[PDB]
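Coordinates as given in input-v7.txt (compact mmCIF, C-alpha atoms and all ligand atoms):
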```
# COMPACT_ATOMS: atom_id res chain seq x y z
CA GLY P 14 18.94 -2.69 -35.94
CA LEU P 15 18.52 1.10 -35.75
CA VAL P 16 15.80 0.69 -33.10
CA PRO P 17 15.13 -1.76 -30.23
CA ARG P 18 12.64 -4.50 -31.18
CA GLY P 19 10.37 -3.91 -28.16
CA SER P 20 9.15 -6.30 -25.42
CA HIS P 21 7.58 -9.49 -26.89
CA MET P 22 3.82 -9.54 -27.59
CA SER P 23 3.52 -5.94 -26.35
CA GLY P 24 4.52 -7.13 -22.84
CA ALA P 25 6.06 -3.94 -21.44
CA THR P 26 4.40 -2.37 -18.40
CA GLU P 27 2.49 0.80 -19.33
CA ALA P 28 3.98 4.00 -17.84
CA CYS P 29 3.26 7.76 -17.93
CA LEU P 30 4.89 11.15 -18.44
CA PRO P 31 2.62 13.61 -16.59
CA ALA P 32 3.52 17.20 -17.48
CA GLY P 33 2.10 18.84 -14.35
CA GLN P 34 3.65 19.93 -11.07
CA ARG P 35 5.28 16.95 -9.36
CA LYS P 36 4.64 16.52 -5.61
CA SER P 37 6.76 14.32 -3.30
CA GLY P 38 5.02 11.26 -1.80
CA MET P 39 1.87 9.19 -2.15
CA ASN P 40 -1.76 10.00 -1.41
CA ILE P 41 -3.47 7.84 1.22
CA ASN P 42 -7.25 7.45 1.19
CA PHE P 43 -8.96 5.81 4.20
CA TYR P 44 -12.19 3.80 4.00
CA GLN P 45 -14.56 2.13 6.49
CA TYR P 46 -13.84 -1.50 7.38
CA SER P 47 -15.78 -3.43 10.05
CA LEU P 48 -14.09 -4.63 13.24
CA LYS P 49 -13.65 -8.45 13.18
CA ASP P 50 -14.89 -8.82 9.57
CA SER P 51 -12.55 -11.60 8.41
CA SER P 52 -14.36 -12.22 5.12
CA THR P 53 -14.77 -8.96 3.12
CA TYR P 54 -11.04 -8.47 2.53
CA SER P 55 -10.61 -12.00 1.11
CA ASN P 56 -12.23 -10.97 -2.17
CA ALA P 57 -10.14 -9.73 -5.11
CA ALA P 58 -12.88 -7.36 -6.32
CA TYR P 59 -13.06 -5.77 -2.85
CA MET P 60 -9.26 -5.27 -2.63
CA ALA P 61 -8.97 -3.95 -6.23
CA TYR P 62 -11.81 -1.39 -6.09
CA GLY P 63 -14.77 -2.47 -3.90
CA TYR P 64 -13.21 -0.77 -0.86
CA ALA P 65 -14.18 2.61 -2.32
CA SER P 66 -17.91 1.72 -2.17
CA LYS P 67 -17.67 2.04 1.61
CA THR P 68 -17.61 5.32 3.51
CA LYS P 69 -14.54 7.42 2.79
CA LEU P 70 -13.12 8.54 6.15
CA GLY P 71 -10.58 11.03 4.85
CA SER P 72 -7.12 11.34 3.33
CA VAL P 73 -3.53 12.56 3.73
CA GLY P 74 -1.11 13.45 0.90
CA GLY P 75 2.63 13.59 0.42
CA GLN P 76 3.54 10.40 2.29
CA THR P 77 7.00 8.91 1.62
CA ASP P 78 7.26 6.52 4.61
CA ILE P 79 4.68 3.89 3.62
CA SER P 80 5.17 0.74 5.74
CA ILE P 81 2.52 -0.16 8.31
CA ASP P 82 3.50 -1.20 11.86
CA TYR P 83 0.51 -0.65 14.12
CA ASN P 84 0.59 -1.98 17.68
CA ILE P 85 -2.44 -1.99 19.99
CA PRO P 86 -2.30 -0.40 23.46
CA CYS P 87 -1.48 -2.30 26.63
CA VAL P 88 -3.19 -0.56 29.58
CA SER P 89 -0.60 -1.49 32.20
CA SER P 90 0.27 -0.71 35.82
CA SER P 91 2.63 2.07 34.69
CA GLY P 92 0.37 3.62 32.00
CA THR P 93 -0.79 2.91 28.46
CA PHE P 94 1.87 2.00 25.88
CA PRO P 95 1.85 0.30 22.47
CA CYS P 96 2.73 -3.40 22.59
CA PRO P 97 4.88 -5.09 19.87
CA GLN P 98 2.90 -8.24 18.97
CA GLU P 99 5.92 -10.49 19.53
CA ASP P 100 6.08 -9.19 23.13
CA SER P 101 2.42 -10.05 23.82
CA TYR P 102 1.82 -13.15 25.98
CA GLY P 103 -0.81 -15.00 28.08
CA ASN P 104 -4.32 -13.55 28.35
CA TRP P 105 -2.74 -11.02 28.19
CA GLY P 106 0.41 -9.08 29.09
CA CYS P 107 3.19 -7.27 27.26
CA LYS P 108 6.84 -8.07 28.11
CA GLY P 109 8.27 -5.31 30.31
CA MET P 110 4.77 -3.98 31.18
CA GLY P 111 3.04 -6.79 33.13
CA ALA P 112 -0.63 -7.73 32.62
CA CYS P 113 -2.76 -5.59 30.31
CA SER P 114 -6.29 -4.75 31.50
CA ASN P 115 -7.77 -3.88 28.08
CA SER P 116 -9.35 -6.09 25.41
CA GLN P 117 -7.42 -7.09 22.26
CA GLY P 118 -10.74 -7.29 20.43
CA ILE P 119 -12.18 -3.74 20.54
CA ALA P 120 -11.55 -0.80 18.18
CA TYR P 121 -8.71 1.63 19.08
CA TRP P 122 -8.29 5.25 17.85
CA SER P 123 -4.84 6.54 16.93
CA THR P 124 -2.87 8.70 14.47
CA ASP P 125 -0.30 5.89 13.81
CA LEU P 126 -1.38 5.52 10.17
CA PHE P 127 0.09 8.58 8.41
CA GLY P 128 -0.95 11.04 11.17
CA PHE P 129 -4.65 10.54 10.25
CA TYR P 130 -6.90 10.03 13.31
CA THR P 131 -8.81 6.77 12.72
CA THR P 132 -9.18 3.12 13.86
CA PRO P 133 -6.04 1.23 12.71
CA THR P 134 -7.60 -1.91 14.23
CA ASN P 135 -10.26 -1.85 11.50
CA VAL P 136 -9.76 0.19 8.32
CA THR P 137 -8.89 -0.13 4.65
CA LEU P 138 -6.48 2.28 3.06
CA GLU P 139 -5.43 3.04 -0.52
CA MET P 140 -1.97 4.44 -1.34
CA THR P 141 -1.56 5.97 -4.82
CA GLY P 142 1.33 7.64 -6.60
CA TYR P 143 3.91 7.13 -9.32
CA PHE P 144 7.12 5.17 -8.88
CA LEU P 145 10.12 6.78 -10.66
CA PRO P 146 12.87 4.24 -11.47
CA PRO P 147 16.33 5.85 -11.36
CA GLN P 148 17.80 2.79 -13.16
CA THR P 149 16.52 0.69 -16.05
CA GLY P 150 15.93 -2.95 -15.13
CA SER P 151 14.12 -5.49 -12.98
CA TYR P 152 12.50 -4.18 -9.72
CA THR P 153 11.22 -6.66 -7.10
CA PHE P 154 8.55 -5.27 -4.77
CA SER P 155 7.88 -7.15 -1.51
CA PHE P 156 5.71 -7.36 1.59
CA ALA P 157 7.78 -8.94 4.43
CA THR P 158 4.51 -10.14 5.97
CA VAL P 159 0.78 -9.16 5.67
CA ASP P 160 -1.67 -8.58 8.56
CA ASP P 161 -4.45 -8.67 7.49
CA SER P 162 -4.86 -8.35 3.71
CA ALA P 163 -3.05 -6.39 0.96
CA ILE P 164 -2.30 -5.95 -2.74
CA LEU P 165 0.28 -3.95 -4.65
CA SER P 166 -0.21 -3.00 -8.32
CA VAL P 167 2.21 -1.31 -10.71
CA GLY P 168 1.52 0.13 -14.15
CA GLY P 169 -0.84 2.17 -16.28
CA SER P 170 -4.25 0.42 -16.56
CA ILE P 171 -3.30 -1.85 -13.59
CA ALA P 172 -2.71 0.49 -10.64
CA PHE P 173 -4.71 3.38 -12.20
CA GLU P 174 -4.85 5.36 -15.48
CA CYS P 175 -2.09 7.77 -16.48
CA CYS P 176 -2.69 11.39 -15.38
CA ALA P 177 -5.79 10.20 -13.46
CA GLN P 178 -4.38 9.37 -10.01
CA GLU P 179 -7.36 10.97 -8.20
CA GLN P 180 -10.11 9.07 -10.03
CA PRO P 181 -12.26 6.28 -8.55
CA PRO P 182 -10.26 3.01 -8.57
CA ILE P 183 -10.08 1.01 -11.77
CA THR P 184 -11.24 -2.62 -11.86
CA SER P 185 -8.00 -4.46 -12.71
CA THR P 186 -7.25 -7.48 -10.49
CA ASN P 187 -3.92 -8.11 -12.22
CA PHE P 188 -1.95 -7.54 -9.01
CA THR P 189 1.82 -7.22 -8.90
CA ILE P 190 1.73 -8.63 -5.35
CA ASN P 191 -1.32 -10.68 -4.30
CA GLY P 192 -1.30 -10.61 -0.47
CA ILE P 193 -5.04 -11.16 -0.08
CA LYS P 194 -5.86 -13.08 3.09
CA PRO P 195 -6.65 -16.64 1.91
CA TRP P 196 -10.19 -17.93 2.63
CA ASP P 197 -8.62 -21.20 3.84
CA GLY P 198 -7.07 -19.21 6.72
CA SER P 199 -3.66 -20.01 5.20
CA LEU P 200 -0.76 -17.63 4.44
CA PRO P 201 -0.71 -15.79 1.12
CA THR P 202 1.69 -17.82 -1.07
CA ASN P 203 3.73 -15.28 -3.06
CA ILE P 204 4.25 -11.85 -1.45
CA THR P 205 6.85 -10.55 -3.95
CA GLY P 206 6.34 -9.31 -7.53
CA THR P 207 8.75 -8.17 -10.24
CA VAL P 208 8.35 -5.41 -12.85
CA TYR P 209 10.78 -4.38 -15.57
CA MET P 210 11.03 -0.59 -15.57
CA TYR P 211 12.65 2.06 -17.78
CA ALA P 212 14.48 4.92 -16.06
CA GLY P 213 12.67 8.27 -15.97
CA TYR P 214 9.13 7.09 -16.75
CA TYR P 215 6.44 7.44 -14.05
CA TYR P 216 4.83 4.07 -13.17
CA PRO P 217 1.41 4.18 -11.48
CA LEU P 218 1.58 2.44 -8.11
CA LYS P 219 -1.33 1.39 -5.87
CA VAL P 220 -1.22 -0.38 -2.49
CA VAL P 221 -4.53 -1.38 -0.84
CA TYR P 222 -4.24 -2.56 2.75
CA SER P 223 -6.85 -3.81 5.26
CA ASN P 224 -6.90 -4.65 8.99
CA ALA P 225 -9.87 -6.32 10.74
CA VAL P 226 -8.60 -6.65 14.33
CA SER P 227 -5.77 -5.58 16.69
CA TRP P 228 -2.25 -5.51 15.15
CA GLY P 229 -1.64 -4.35 11.57
CA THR P 230 1.58 -5.00 9.66
CA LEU P 231 2.74 -4.27 6.12
CA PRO P 232 6.52 -3.86 5.69
CA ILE P 233 7.08 -2.68 2.11
CA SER P 234 10.39 -2.96 0.23
CA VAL P 235 11.77 -2.82 -3.30
CA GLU P 236 14.96 -4.34 -4.66
CA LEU P 237 16.51 -2.14 -7.37
CA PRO P 238 18.30 -3.43 -10.52
CA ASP P 239 21.66 -2.78 -8.79
CA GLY P 240 20.68 -5.30 -6.08
CA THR P 241 20.19 -2.81 -3.23
CA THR P 242 16.94 -2.73 -1.25
CA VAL P 243 14.89 0.31 -0.29
CA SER P 244 12.64 -0.37 2.75
CA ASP P 245 9.78 1.64 4.30
CA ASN P 246 10.98 5.09 3.26
CA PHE P 247 10.50 5.63 -0.52
CA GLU P 248 11.48 9.30 -0.57
CA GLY P 249 12.99 10.05 -3.99
CA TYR P 250 11.05 7.17 -5.61
CA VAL P 251 7.38 8.10 -5.12
CA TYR P 252 5.44 11.12 -6.38
CA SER P 253 1.92 12.45 -6.89
CA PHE P 254 0.41 14.59 -9.69
CA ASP P 255 -3.03 16.27 -9.72
CA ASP P 256 -5.36 14.78 -12.36
CA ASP P 257 -5.05 16.12 -15.87
CA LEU P 258 -7.47 14.16 -18.01
CA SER P 259 -6.80 16.53 -20.94
CA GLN P 260 -3.08 15.77 -21.35
CA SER P 261 -3.35 13.74 -24.56
CA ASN P 262 0.19 12.28 -24.64
CA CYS P 263 0.31 11.26 -20.93
CA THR P 264 0.15 7.48 -21.49
CA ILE P 265 3.22 5.59 -22.77
CA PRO P 266 1.85 2.14 -23.68
CA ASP P 267 5.34 0.77 -24.44
CA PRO P 268 8.27 2.46 -22.74
CA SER P 269 10.59 -0.17 -24.37
CA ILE P 270 10.25 1.73 -27.67
CA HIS P 271 9.21 5.28 -26.71
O1 LIG P 301 1.81 4.11 9.33
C1 LIG P 301 2.29 4.59 8.10
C2 LIG P 301 3.32 5.70 8.30
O2 LIG P 301 2.79 6.69 9.17
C3 LIG P 301 3.65 7.81 9.31
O3 LIG P 301 3.00 8.84 10.03
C4 LIG P 301 4.90 7.37 10.06
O4 LIG P 301 5.76 8.47 10.26
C5 LIG P 301 5.61 6.27 9.27
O5 LIG P 301 6.63 5.72 10.08
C6 LIG P 301 4.65 5.15 8.83
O6 LIG P 301 5.27 4.33 7.86
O1 LIG P 302 -7.47 -12.89 12.26
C1 LIG P 302 -6.05 -12.87 12.27
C2 LIG P 302 -5.59 -12.10 13.50
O2 LIG P 302 -4.70 -12.95 14.23
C3 LIG P 302 -4.09 -12.36 15.38
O3 LIG P 302 -3.16 -13.24 15.97
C4 LIG P 302 -3.34 -11.10 14.95
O4 LIG P 302 -2.69 -10.52 16.05
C5 LIG P 302 -4.36 -10.13 14.38
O5 LIG P 302 -3.75 -8.88 14.14
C6 LIG P 302 -4.93 -10.77 13.12
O6 LIG P 302 -5.85 -9.89 12.50
CA CA P 303 -6.29 2.03 -19.91
CA CA P 304 -4.75 -7.67 12.37
CL CL P 305 6.11 -8.51 31.81
NA NA P 306 4.36 -4.47 15.13
NA NA P 307 -0.89 3.09 22.90
```

Take the structure I supplied and represent it as structure tokens, if you would.
Amino acid sequence: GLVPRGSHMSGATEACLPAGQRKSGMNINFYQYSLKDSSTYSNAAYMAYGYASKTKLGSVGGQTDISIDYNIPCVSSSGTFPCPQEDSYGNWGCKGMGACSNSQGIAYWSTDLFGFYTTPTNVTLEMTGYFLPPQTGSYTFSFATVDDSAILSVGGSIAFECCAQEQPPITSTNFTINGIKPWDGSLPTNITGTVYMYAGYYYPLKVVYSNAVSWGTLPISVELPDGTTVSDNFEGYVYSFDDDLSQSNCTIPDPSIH
């Protein structure tokens, strides 16, 4: 046939072709989250959009290194240094530092999350941008682990609306990765998600991440159609565009036929 038939039952992921000035990296918005609140972030509605009802603390733009690896301080005999959680022991010390005098359960202030001065012990953040596939095919996004709660969404009308990156979050709970902290205290079951993507189209991408106490961890990767994996640093893959709600042709509902 002269043309491709298109993905079955209109199943292709919606993408965009914003015509404005492209900027490298993703925008990160920070929102209030209560220390030791282990319930709020277990709700899908909260993780999809409810987070933005809380106080907005600030933002940073142009971020290409997007994994989270926040370690709390150990106030030790030789000074105060961050402690890798796997090196924490007893009640409590940090291997190579001796006993720590400080509490694991209070808020700590730091610029570790994207250079923004906040409380990485207790915070919710929203990463937005567009993912640009260099190759046509199946992409598998992954979280290596989640502490405390997280989602990843890809696609127009799922992550956000085309050419409307800066708008209040949309209500879709159709997550690409559901890493929401289970109520049952369990581990989130599936922390990978696959999307078929067409080279050169801009795919809206949203990551919402929350921490309630102490350590925070979110190692983000993507496996490309060629089988290679990009981890942590998504430079060359992720971009931002200022809103242009007047660009009529910005949405591509079916890139499999466009
Ligand atoms: O914590 C999120 C990001 O913050 C940035 O300031 C760091 O340079 C990155 O290594 C990290 O992925
Ligand atoms: O409530 C779960 C908590 O368990 C602790 O072992 C982790 O270190 C915290 O970072 C986590 O938030
Ligand atoms: Ca829509
Ligand atoms: Ca934590
Ligand atoms: Cl030690
Ligand atoms: Na860590
Ligand atoms: Na520290």

- Option closest in space to ligand NA 306 (chain P), from P:227, P:53, P:115, P:123 [counting all atoms listed in the file]: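 Counting all atoms listed in the file, the residue closest to ligand NA 306 (chain P) is P:227.
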
- Query: For the atom pair CA of residue 69 (chain P) and CA of residue 44 (chain P), what is the interatomic distance in Å to one decimal place?
  - Reply: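 If I compute the distance from CA of residue 69 (chain P) to CA of residue 44 (chain P), I get 4.5 Å.
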
- How many Å separate CA of residue 79 (chain P) from CA of residue 246 (chain P)?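 CA of residue 79 (chain P) sits 6.4 Å away from CA of residue 246 (chain P).
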
- Measure the distance from CA of residue 144 (chain P) to CA of residue 251 (chain P) in Å and round it to one decimal. 4.8 Å

- Would you list the residues that come within 6 Å of ligand CL 305 (chain P)? Count all atoms listed in the file and give the answer as an MDAnalysis selection string. chainID P and resid 107:111

- Would you list the contacts of residue 136 (chain P) as a PyMOL selection string, taking every protein, DNA or RNA residue within 9 Å and counting all atoms listed in the file, but skipping same-chain residues closer than 2 positions in sequence? chain P and resi 43-48+131-134+138+222-225

- Would you mind listing the residues within 9 Å of ligand CA 303 (chain P), counting all atoms listed in the file, as a list in words?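 Selection of residues at most 9 Å from ligand CA 303 (chain P): residues 27, 169, 170, 171, 173, 174, 175, 264 and 266 of chain P.
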
- Item | Exercise: residue 239 (chain P) partners within 12 Å, all atoms listed in the file, chain neighbours under 2 positions left out, as a PyMOL selection string | chain P and resi 146-153+235-237+241-243

- Message: For ligand LIG 301 (chain P), return the neighbouring residues as a PyMOL selection string (distance at most 12 Å; all atoms listed in the file).
- Response: chain P and resi 38-41+43+73-84+123-133+138-140+222+228-234+244-248

- Message: Show me the residues around (-3.2, 3.8, 35.2) - criterion: an atom at most 12 Å away, all atoms listed in the file counted - as a PyMOL selection string.
- Response: chain P and resi 87-94+110+113-115

Output file for the selection above: C-alpha atoms, as a tab-separated table (two decimals), in the frame of the given file:
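Printed below is result-v8.tsv as written:
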```
chain	number	residue	atom	x	y	z
P	87	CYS	CA	-1.48	-2.30	26.63
P	88	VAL	CA	-3.19	-0.56	29.58
P	89	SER	CA	-0.60	-1.49	32.20
P	90	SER	CA	0.27	-0.71	35.82
P	91	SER	CA	2.63	2.07	34.69
P	92	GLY	CA	0.37	3.62	32.00
P	93	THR	CA	-0.79	2.91	28.46
P	94	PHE	CA	1.87	2.00	25.88
P	110	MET	CA	4.77	-3.98	31.18
P	113	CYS	CA	-2.76	-5.59	30.31
P	114	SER	CA	-6.29	-4.75	31.50
P	115	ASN	CA	-7.77	-3.88	28.08
```

- Measuring atom to atom with only C-alpha atoms, identify which of P:165, P:226, P:85, P:193 is nearest to residue 135 (chain P).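 Result for the nearest residue to residue 135 (chain P): P:226.
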
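Considering only C-alpha atoms and all ligand atoms, the residue among P:200, P:208, P:145, P:29 positioned nearest to ligand LIG 302 (chain P) is P:200.
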
Report as JSON lines the residues of region 87-200 of chain P within 8 Å of region 252-256 of chain P, each with its shortest atom pair and distance in Å (one decimal), using only C-alpha atoms, ordered by chain and increasing residue number.
```
{"residue": "P:141", "atom": "CA", "partner": "P:253", "partner_atom": "CA", "distance": 7.6}
{"residue": "P:142", "atom": "CA", "partner": "P:253", "partner_atom": "CA", "distance": 4.9}
{"residue": "P:143", "atom": "CA", "partner": "P:252", "partner_atom": "CA", "distance": 5.2}
{"residue": "P:144", "atom": "CA", "partner": "P:252", "partner_atom": "CA", "distance": 6.7}
{"residue": "P:145", "atom": "CA", "partner": "P:252", "partner_atom": "CA", "distance": 7.7}
{"residue": "P:176", "atom": "CA", "partner": "P:256", "partner_atom": "CA", "distance": 5.3}
{"residue": "P:177", "atom": "CA", "partner": "P:256", "partner_atom": "CA", "distance": 4.7}
{"residue": "P:178", "atom": "CA", "partner": "P:256", "partner_atom": "CA", "distance": 6.0}
{"residue": "P:179", "atom": "CA", "partner": "P:256", "partner_atom": "CA", "distance": 6.0}
{"residue": "P:180", "atom": "CA", "partner": "P:256", "partner_atom": "CA", "distance": 7.8}
```

Can you give me N, CA, C and O atoms for region 38-52 of chain P, written as a PDB file, in the coordinates of the input?
```
ATOM      1  N   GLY P  38       5.826  12.167  -2.638  1.00  0.00           N
ATOM      2  CA  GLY P  38       5.020  11.260  -1.800  1.00  0.00           C
ATOM      3  C   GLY P  38       3.737  10.736  -2.408  1.00  0.00           C
ATOM      4  O   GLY P  38       3.327  11.149  -3.508  1.00  0.00           O
ATOM      5  N   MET P  39       3.091   9.828  -1.683  1.00  0.00           N
ATOM      6  CA  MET P  39       1.870   9.190  -2.150  1.00  0.00           C
ATOM      7  C   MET P  39       0.663   9.708  -1.391  1.00  0.00           C
ATOM      8  O   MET P  39       0.788  10.192  -0.258  1.00  0.00           O
ATOM      9  N   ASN P  40      -0.500   9.620  -2.032  1.00  0.00           N
ATOM     10  CA  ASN P  40      -1.760  10.000  -1.410  1.00  0.00           C
ATOM     11  C   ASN P  40      -2.305   8.753  -0.732  1.00  0.00           C
ATOM     12  O   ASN P  40      -2.252   7.654  -1.312  1.00  0.00           O
ATOM     13  N   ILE P  41      -2.830   8.930   0.480  1.00  0.00           N
ATOM     14  CA  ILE P  41      -3.470   7.840   1.220  1.00  0.00           C
ATOM     15  C   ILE P  41      -4.943   8.167   1.472  1.00  0.00           C
ATOM     16  O   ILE P  41      -5.267   9.167   2.142  1.00  0.00           O
ATOM     17  N   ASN P  42      -5.825   7.335   0.932  1.00  0.00           N
ATOM     18  CA  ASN P  42      -7.250   7.450   1.190  1.00  0.00           C
ATOM     19  C   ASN P  42      -7.650   6.386   2.214  1.00  0.00           C
ATOM     20  O   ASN P  42      -7.176   5.251   2.141  1.00  0.00           O
ATOM     21  N   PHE P  43      -8.502   6.754   3.169  1.00  0.00           N
ATOM     22  CA  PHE P  43      -8.960   5.810   4.200  1.00  0.00           C
ATOM     23  C   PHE P  43     -10.435   5.516   4.019  1.00  0.00           C
ATOM     24  O   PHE P  43     -11.230   6.444   3.782  1.00  0.00           O
ATOM     25  N   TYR P  44     -10.806   4.241   4.161  1.00  0.00           N
ATOM     26  CA  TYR P  44     -12.190   3.800   4.000  1.00  0.00           C
ATOM     27  C   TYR P  44     -12.657   2.924   5.153  1.00  0.00           C
ATOM     28  O   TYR P  44     -11.848   2.221   5.788  1.00  0.00           O
ATOM     29  N   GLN P  45     -13.964   2.941   5.409  1.00  0.00           N
ATOM     30  CA  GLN P  45     -14.560   2.130   6.490  1.00  0.00           C
ATOM     31  C   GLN P  45     -14.331   0.638   6.268  1.00  0.00           C
ATOM     32  O   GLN P  45     -14.468   0.125   5.155  1.00  0.00           O
ATOM     33  N   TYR P  46     -13.956  -0.050   7.345  1.00  0.00           N
ATOM     34  CA  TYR P  46     -13.840  -1.500   7.380  1.00  0.00           C
ATOM     35  C   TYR P  46     -14.270  -1.979   8.772  1.00  0.00           C
ATOM     36  O   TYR P  46     -13.835  -1.429   9.783  1.00  0.00           O
ATOM     37  N   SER P  47     -15.123  -3.006   8.806  1.00  0.00           N
ATOM     38  CA  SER P  47     -15.780  -3.430  10.050  1.00  0.00           C
ATOM     39  C   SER P  47     -14.865  -4.223  10.965  1.00  0.00           C
ATOM     40  O   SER P  47     -14.212  -5.175  10.534  1.00  0.00           O
ATOM     41  N   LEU P  48     -14.836  -3.855  12.244  1.00  0.00           N
ATOM     42  CA  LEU P  48     -14.090  -4.630  13.240  1.00  0.00           C
ATOM     43  C   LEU P  48     -14.503  -6.115  13.204  1.00  0.00           C
ATOM     44  O   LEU P  48     -15.700  -6.440  13.217  1.00  0.00           O
ATOM     45  N   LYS P  49     -13.498  -6.992  13.123  1.00  0.00           N
ATOM     46  CA  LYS P  49     -13.650  -8.450  13.180  1.00  0.00           C
ATOM     47  C   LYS P  49     -14.326  -9.068  11.939  1.00  0.00           C
ATOM     48  O   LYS P  49     -14.691 -10.240  11.949  1.00  0.00           O
ATOM     49  N   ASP P  50     -14.460  -8.286  10.868  1.00  0.00           N
ATOM     50  CA  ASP P  50     -14.890  -8.820   9.570  1.00  0.00           C
ATOM     51  C   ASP P  50     -13.689  -9.513   8.895  1.00  0.00           C
ATOM     52  O   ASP P  50     -12.797  -8.855   8.336  1.00  0.00           O
ATOM     53  N   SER P  51     -13.657 -10.842   8.976  1.00  0.00           N
ATOM     54  CA  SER P  51     -12.550 -11.600   8.410  1.00  0.00           C
ATOM     55  C   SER P  51     -12.893 -12.198   7.055  1.00  0.00           C
ATOM     56  O   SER P  51     -12.210 -13.117   6.604  1.00  0.00           O
ATOM     57  N   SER P  52     -13.942 -11.685   6.411  1.00  0.00           N
ATOM     58  CA  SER P  52     -14.360 -12.220   5.120  1.00  0.00           C
ATOM     59  C   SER P  52     -14.270 -11.224   3.962  1.00  0.00           C
ATOM     60  O   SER P  52     -13.759 -11.571   2.894  1.00  0.00           O
TER      61      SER P  52
END
```
